[PDB]
Amino acid sequence: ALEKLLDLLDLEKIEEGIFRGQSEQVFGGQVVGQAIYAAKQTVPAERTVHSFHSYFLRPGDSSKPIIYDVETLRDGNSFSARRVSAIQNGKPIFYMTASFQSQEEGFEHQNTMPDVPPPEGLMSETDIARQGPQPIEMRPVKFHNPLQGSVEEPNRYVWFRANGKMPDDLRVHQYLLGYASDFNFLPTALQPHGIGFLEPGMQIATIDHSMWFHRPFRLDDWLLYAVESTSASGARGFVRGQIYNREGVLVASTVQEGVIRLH
Amino acid sequence: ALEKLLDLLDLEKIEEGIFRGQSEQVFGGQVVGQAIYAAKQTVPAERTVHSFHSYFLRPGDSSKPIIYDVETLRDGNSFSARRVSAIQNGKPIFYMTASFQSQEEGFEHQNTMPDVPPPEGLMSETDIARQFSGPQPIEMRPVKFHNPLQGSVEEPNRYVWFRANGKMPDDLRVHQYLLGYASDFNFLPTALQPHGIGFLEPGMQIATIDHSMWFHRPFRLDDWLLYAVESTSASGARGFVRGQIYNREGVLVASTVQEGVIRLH
Amino acid sequence: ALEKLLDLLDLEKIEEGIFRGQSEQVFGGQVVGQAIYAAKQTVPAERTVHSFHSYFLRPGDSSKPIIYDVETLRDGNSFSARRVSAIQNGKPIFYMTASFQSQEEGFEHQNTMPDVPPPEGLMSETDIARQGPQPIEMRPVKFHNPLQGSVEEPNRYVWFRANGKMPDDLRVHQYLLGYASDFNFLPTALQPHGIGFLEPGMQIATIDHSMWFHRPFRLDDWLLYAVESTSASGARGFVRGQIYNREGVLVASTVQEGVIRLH
Amino acid sequence: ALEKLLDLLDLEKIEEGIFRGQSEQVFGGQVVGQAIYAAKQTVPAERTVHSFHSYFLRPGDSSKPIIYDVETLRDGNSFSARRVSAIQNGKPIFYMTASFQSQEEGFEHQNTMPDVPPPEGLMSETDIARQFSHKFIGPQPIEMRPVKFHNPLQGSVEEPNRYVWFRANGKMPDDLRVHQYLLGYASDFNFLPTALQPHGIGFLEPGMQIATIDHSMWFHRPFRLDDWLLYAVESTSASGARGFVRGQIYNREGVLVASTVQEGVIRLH
């Protein structure tokens with residue numbers, strides 16, 4: 001199941017900077033993961049991803065391949081930048097610009113990971129379904145039922161870990177973390193309003209998704225996703241995320257804005 | 001100084017989606033502010049900027065103008081999206097993708113503005129600077145002054161009140177262009193605060209990689225706004241900052257995120 | 001009136017590969033000449049134009065400028081290639097790809113200039129009309145009536161020369177020859193059907209225009225434009241042209257297909 | 001041989017406007033025929049190609065696929081225009097703009113086919129090439145019968161005109177578009193070497209560098225390539241280390257079906 005997700009994030013090469021991906025409406029995290037893979041193939045091997053910004057323009061159709069075209073923007077003394085277009089039926093469904101940097105020691109500092117319960121104690125989402133294994137095991141701190149909200153603070157904490165063995169290749173961990181970053185995210189914005197994201201009449205859609213990979217990490221041990229929604233207004237919802245490993249290291253940050261509209 | 005900037009953010013048009021901008025090495029906020037104008041021209045009148053992401057690829061040259069090419073990406077039922085290339089000397093120096101939406105009523109919540117002293121007690125940057133040195137288009141009153149030449153191990157937070165140094169039209173578009181400009185002040189340098197180095201100290205290579213912004217709510221820049229910045233991380237010869245901009249009455253008007261090179265050599 | 005073309009082809013630079021040119025529908029030759037200037041600005045000094053191919057997508061608007069955006073396609077050991085996009089009202093009206101080569105010594109041969117009366121005995125188009133000044137003086141072997149017309153062979157011969165003394169810069173002669181190359185051309189295809197090119201309800205417009213500059217030349221001495229229409233079929237007419245100088249040297253060849261339609 | 005080429009010119013679809021073609025350096029005719037196929041897939045079914053212009057920028061490699069990217073430039077009331085990029089190793093080897101139009105009735109005239117001996121009395125290139133093959137030996141996709149033979153390894157000073165009859169080697173489908181792709185392919189044979197005739201150098205002699213720069217074509221009238229067509233070629237000029245050739249293609253009954261123009265590099269080292 002992980003095996004199958006990883007196989008799917010490993011794209012078929014059509015030509016330099018033209019890739020073709022299969023699908024698991026497509027999960028945004030699939031398009032993100034796949035686009036990272038596509039961009040990374042066009043960069044020097046040593047320069048790993050440190051940031052990306054993306055916009056989702058159209059929904060992706062899960063029954064059809066997605067073509068990833070990669071435009072080489074710049075290769076400098078430190079940075080390589082690439083723009084990925086995800087294409088289906090001759091139309092872009094998503095664009096990402098990503099940047100890549102050689103690892104190098106420099107100034108170090110970070111904030112503090114929130115105080116939360118460890119994972120061992122907590123029930124998985126698959127287990128809370130008991131009242132097929134998922135590629136990524138999620139263990140929430142607090143369960144937020146998608147079919148009935150309740151007015152809650154705009155904060156959500158979730159431990160997550162790859163459901164299986166991961167290879168010793170940090171690039172693969174980065175693609176999967178890109179995938180993983182689009183779970184348990186945007187719905188956090190509905191929490192003060194008491195509506196679950198899958199309730200009748202709720203229109204919820206990602207507009208943009210951006211991520212910064214600060215430090216190395218592995219997804220075969222537990223990471224914590226700390227999400228806050230600092231704002232909602234104008235039928236949009238805004239969420240900021242930070243991903244910590246179990247020892248407290250700040251590994252990645254994320255930002256996302258989406259449509260949140262009750263009909 | 002403000003009328004000059006405001007004229008300078010008012011772009012010379014060449015065609016539908018091509019614009020030329022005069023410069024004031026170029027200040028990142030200028031490029032950001034110019035690029036926003038460029039995109040907003042190509043969008044339908046009811047739709048205002050709600051977000052942008054940009055990357056800086058090459059330093060701009062202050063002695064020459066900048067061409068802004070604007071690609072139309074999509075015109076949806078509510079959202080329009082534009083990509084702006086900033087071109088100098090045959091080469092792109094900057095790329096922004098921005099999104100615009102019609103003002104609409106929906107779910108409202110926000111976090112809480114940090115408690116800080118009001119602007120009235122506080123000295124402006126120009127005045128502080130004068131001790132260890134003219135009119136500036138935007139006035140800045142820091143809560144705590146972080147000296148660009150000196151500096152000590154401080155918490156990676158910063159708080160700065162700002163306001164336009166002059167008179168502003170009643171066109172919200174121009175405020176937004178100006179807020180894009182102002183968001184690139186007092187920002188990335190916060191990432192040096194834990195390391196006891198000021199950003200103008202010799203050997204300090206500091207440079208913006210990317211700048212992104214989300215305009216949550218309407219505002220005016222002819223009254224005082226607060227910029228609350230934190231550097232949540234630095235590693236790998238990068239520094240990372242997040243910002244939030246609040247009006248006096250506490251309304252969260254915009255958020256920003258930027259990563260840059262920080263290297264002492 | 002020639003001084004005002006040579007200035008009108010000396011394009012205003014915006015940035016490297018971006019060009020503004022005043023208009024005088026725009027002619028076509030105007031667009032070709034400006035396009036050729038735009039491209040030559042982007043190429044190494046030693047390399048002069050040897051060929052272009054162009055398509056016409058939309059009618060120009062004489063009231064407004066045209067931007068000419070130039071993509072660099074290749075810079076080889078001998079040849080450089082450029083694609084010029086002529087933009088007005090945020091739409092492309094015309095595209096040209098042009099190739100440039102430095103003058104070099106090689107194999108020489110050519111065909112023979114048609115047998116026609118010399119220009120010295122011939123009336124100019126300004127004299128037959130007498131029966132404002134023109135930038136290029138034209139003396140036709142046979143004047144055709146653009147609002148009348150009768151059936152003749154699909155061949156046309158006209159001598160031409162710039163109405164004025166031109167600079168010693170070969171580039172400007174080439175821009176001007178490109179301009180001149182769209183005069184007395186496409187109408188030739190009507191000659192066999194008895195219809196003038198200003199007759200009412202006759203739809204006529206250049207689809208494509210291509211040229212090869214075989215040899216150096218001056219447009220401040222007589223050149224002969226020798227034009228045949230070898231075909232017309234499906235609302236298109238096809239012409240081929242060859243341009244010889246006074247002494248019989250073949251300097252350029254042309255080819256054009258155009259819409260020719262009876263409403 | 002014909003079957004194999006027709007299967008090569010029928011490209012694999014990767015997405016809207018993105019196709020990949022296998023190779024028989026790459027013969028220009030293959031690139032041309034494949035590019036017309038690519039462009040035609042993106043245009044309405046009734047609008048057939050009437051013209052194209054192309055530049056060759058780098059040699060193609062036969063051992064690897066070619067990706068054809070098709071850009072939509074305009075779909076107007078009558079005309080659809082498309083620009084095809086042939087890509088290999090992330091670089092363009094060739095660009096083509098092609099225009100397509102609705103088959104209809106309008107003014108009809110043409111020049112006259114040159115009077116040449118018919119193909120029945122003429123030997124084929126493959127039969128003639130026996131005796132020097134030790135330009136080509138076994139079955140070819142298109143049978144060529146030249147009016148005069150031009151030995152690629154030994155020139156003789158001759159006028160800059162060439163006339164050759166040609167035809168597909170086998171039954172072709174009843175689809176015109178295939179005939180057009182295959183005619184695009186055929187149009188690059190017996191063409192640029194015509195420019196060497198006055199200079200008495202065979203196009204395959206040691207030191208002769210000959211390379212297509214551009215290739216353009218106009219499809220005037222419908223035709224079939226499973227009956228004899230005449231390629232009438234002339235070289236009107238050479239200079240500057242370039243050679244210039246114009247072609248006109250006639251069917252046996254005298255109809256002018258297509259015209260062609262190419263310039264190439266012709267340099268003796």
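Quick note on labels: first sequence line is chain A, next is B, and so on, each numbered from 1. What you see below is based on every heavy atom in this structure, not just the backbone, and it leaves out hydrogens, waters and symmetry mates.
- Neither the backbone nor the side chain of D:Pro92 comes within contact range of chain C, judged by heavy atoms closer than 4.5 Å.
- Heavy-atom pairs under 4.5 Å with chain C peak, among D:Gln110, D:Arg246, D:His109, at D:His109.
- More than 12 heavy atoms of other residues, nucleotides or ligands sit less than 6.0 Å from atom CD of D:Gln209.
- In this structure, the portion of C:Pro192 lying under 4.5 Å from any heavy atom of chain D is its side chain and not its backbone.
- Heavy atoms closer than 4.5 Å to chain C are found in the side chain of D:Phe244, but not in its backbone.
- Heavy atoms of D:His53 lying under 4.5 Å from chain C belong to its backbone as well as its side chain.
- Heavy-atom distances place the side chain of C:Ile195, and not its backbone, under 4.5 Å from chain D.
- The 12-atom threshold is exceeded at CD of D:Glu108, counting heavy atoms of other residues, nucleotides or ligands nearer than 6.0 Å.
- Of the atoms belonging to C:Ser229, heavy atoms from both backbone and side chain fall under 4.5 Å from chain D.
- Looking at D:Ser216, the atoms closer than 4.5 Å to chain C (heavy atoms on both sides) all sit in the side chain, from C-beta outward.
- Ranked by heavy-atom pairs under 4.5 Å with chain C, the first of D:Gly240, D:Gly243, D:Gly106, D:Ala238 is D:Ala238.
- When heavy atoms are compared at a cutoff of 4.5 Å, C:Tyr55 approaches chain D solely by way of its side chain, counted from C-beta outward.
- Of the charged side-chain nitrogens involved, at least one lies within less than 4.0 Å of a carboxylate oxygen, so that C:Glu104 and D:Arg267 count as a salt-bridged pair.
- If you measure heavy-atom distances from D:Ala98 to chain C, the contacts under 4.5 Å come from the backbone alone.
- Put simply, the side chain of C:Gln101 never gets that close to the backbone of D:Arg242: no donor and acceptor are under 3.5 Å apart.
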Check the pair D:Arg221, C:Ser231 against side-chain contact (heavy atoms from CB on, under 4.5 Å), reporting the backbone distance first and the verdict last.
-> CA-CA 10 Å; D:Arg221 287 184 187 77; C:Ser231 200; 3.1 Å; yes
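- Using a distance-only test at 3.5 Å, with no hydrogens or angles considered, a donor-acceptor pair links the side chain of D:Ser239 to the main chain of C:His214.
- To the nearest 0.5 Å, atom CD of residue D:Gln262 and atom CH2 of residue C:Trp212 are 10.5 Å apart.
- Using a 4.5 Å cut-off between heavy atoms, D:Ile213 contacts chain C through its side chain alone, with no backbone atom that close.
- Listed here is the closest heavy atom pair of D:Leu256 and C:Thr230: CD2-O, 3.4 Å.
- Options C:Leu190, C:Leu73, C:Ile260 differ in how many heavy-atom pairs under 4.5 Å they form with chain D, and the most are formed by C:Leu73.
- Interface remark: C:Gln103 contributes side-chain atoms only to the contact with chain D (heavy atom separation under 4.5 Å).
- By the 4.5 Å heavy-atom criterion applied to side chains, C:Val259 and D:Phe79 are counted as neighbours.
- Between atom CZ of residue D:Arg83 and atom OG1 of residue C:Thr97 there is a gap of 5.5 Å, rounded to the nearest 0.5 Å.
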